[PDB]
Structure formats: structure tokens, C-alpha cells
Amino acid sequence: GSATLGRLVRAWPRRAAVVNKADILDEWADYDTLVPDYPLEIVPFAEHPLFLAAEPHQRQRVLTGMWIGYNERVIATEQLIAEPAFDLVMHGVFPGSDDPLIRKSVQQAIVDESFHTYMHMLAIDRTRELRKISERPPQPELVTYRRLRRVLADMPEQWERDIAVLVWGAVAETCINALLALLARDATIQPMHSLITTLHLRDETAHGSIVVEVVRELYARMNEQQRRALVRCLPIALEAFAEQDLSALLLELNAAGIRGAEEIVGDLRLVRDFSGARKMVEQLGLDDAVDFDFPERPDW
């Protein structure tokens, strides 16, 4: 079997966030209210005159809101997109998925996603308590999940729905959110915010390598119509993860009471790193068969 997979399975105890920082709760120990929740430098409208025209506490409420929103979207992605793909592999629904090495690598990833959900859930609860955020509008559906559900809606056959779910999860796990990596390195924000994202990023880098190996092995064992289906679905999943939907920004800005929120939003790097998914496409020998313009590899 895959030496990459063997190596990833062996490294998991030395690498995983759940093993090496299970005590994340205690990181709020000596909290400092004076330190921001989110870095202004990665806010796209940070220097828009209408955002600058606001009062300092209003800008701070937007930053806090964007931090909470980012954590909400991470949890929804894990729960609705990434974990269901991992679960399908473990269920043995694809030929070749009964392999001990595939099963070990993916079950480890499932433990990691559980702990990721734990960390991000903690981040929301602690922030809401400490910032005294009593109430907050029930946020919109993920654009990525909306696309998934619409693809699946009129699909007759379970075998094809399984392919779509796998591909959506695979793309999610190989296309790293710019906010994950930018938040991870940021020294200006709450140290627990930088830390949680640092931990998640370390695990996600391994998850992308696992997904590349696992998808190669399963595609190789798939029949032609399964293979064909995987191929059609890739560009659709890739475009869903490339698509920016700034509905969340509008709600945050309106929440904070910033005047001209519609103007600021309507007025509008932060691209995902698609390196992993490009490697995935390469490993499948699909380097000319996928209709997607891959963005440049980010500096970070």
C-alpha cells in the first residue's frame, strides 16, 4: 500500500491536535479583553471610508462577528461536508475502501474532525460569553452546501450521490481556506484564536495528503460510470469552493450598525489554496480533463 498513507498513519499520534493540545479549554485562563478577536489586515473593507466612518466599538463588533462567523462556517463544513465523505469511505460503499490502511488513515481523520468541531465550538462559546454577545441572527446556509444539495436533489441513484458526497468532501479537505492559514500566523489577535487555527491547519495539511491517496486508490477500483461521474463532479465542486458569497459580511456589518453596509458590500489574497486539489487531479491523471482554472498558489 501507499507509503504516504503508512507514514501518515504512523505520524498521527505525534501530529494530531487532539493528542497534543486536548487541554485547549484552559487557554482562556488569563483573558485580555483589550486584544482583538480578528485581524483588521485581513478584512476586505478595512479601509473603506464607510467602515472607517464608524465608531471604534462598531468596528470591534464587526471583527468579533467575523471571528464567530468564521468558526460557525468551519463547524458546518466539517459536519455537513467533510465528515460525511469520510463516513462514506468507512462504510465501505466504494470498491477498495475495505483496505486496512485506508480505514486507519480515514478513521484518524474522523477523530481529528470531531476535535476540530470541539475547538471551534469552544471558541464561539468563550467569545460570546466574554464579549457579552447575548443574541446573534441565525446565519445563512453555506454556499458550498447549497451547491451540494442542489446537485444531489434530482440524482436518481445512490451510487452517484455517494460519488458527489465524496468529491465535495475531497475538495473541502484539499482546498485550504485562506482564513485558516492567515488566522494561524496572526500575532495581533487573541492567542487562543491563532492557536486553534494553527492546530487545525497542522491537521488539515495531513488530511489533504490522505485524501489525495485515498481518492486515487478508490478511483482506480471504480467502474467506468463511477469514474465518469467523479470526473464530471470535480469541476462543479471546485467552482462551489471558488465562489465567494458575501452575504455573511452584510449581516455582520448590519449587525454592528455600520451605515452604508449595502454600499460597502456592494462595493466589494483571500483565495483558497487549491494546491492540494490540483495534486489530487494530477494523481488521478485528470490534468487535462477538468474544466477549472486553478488560481495561483498563495504565498502563505
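Start at 1 with the first residue shown and count on from there.
The entry models residue 268 and residue 269 with a gap of 4 to 9 deposited residues left without coordinates. Between the stretches 130-138 and 159-167, it is 130-138 that shows the larger average CA temperature factor. Between 50-58 and 240-248, it is 240-248 that carries the larger average Cα temperature factor according to the deposited entry.
Split the chain's modelled residues into thirds by C-alpha temperature factor. Residue 11 is in the lowest one. Residue 191: CA B factor lies in the lowest third for its chain, per the PDB record. Among all modelled residues in this chain, the alpha-carbon of residue 211 has a temperature factor (C-alpha) in the middle third. Annotation for residue 63: CA B-factor lies in the lowest third of the chain's modelled residues. In this PDB entry, the Cα temperature factor of residue 197 sits in the bottom third of its chain's modelled residues, the lowest group.
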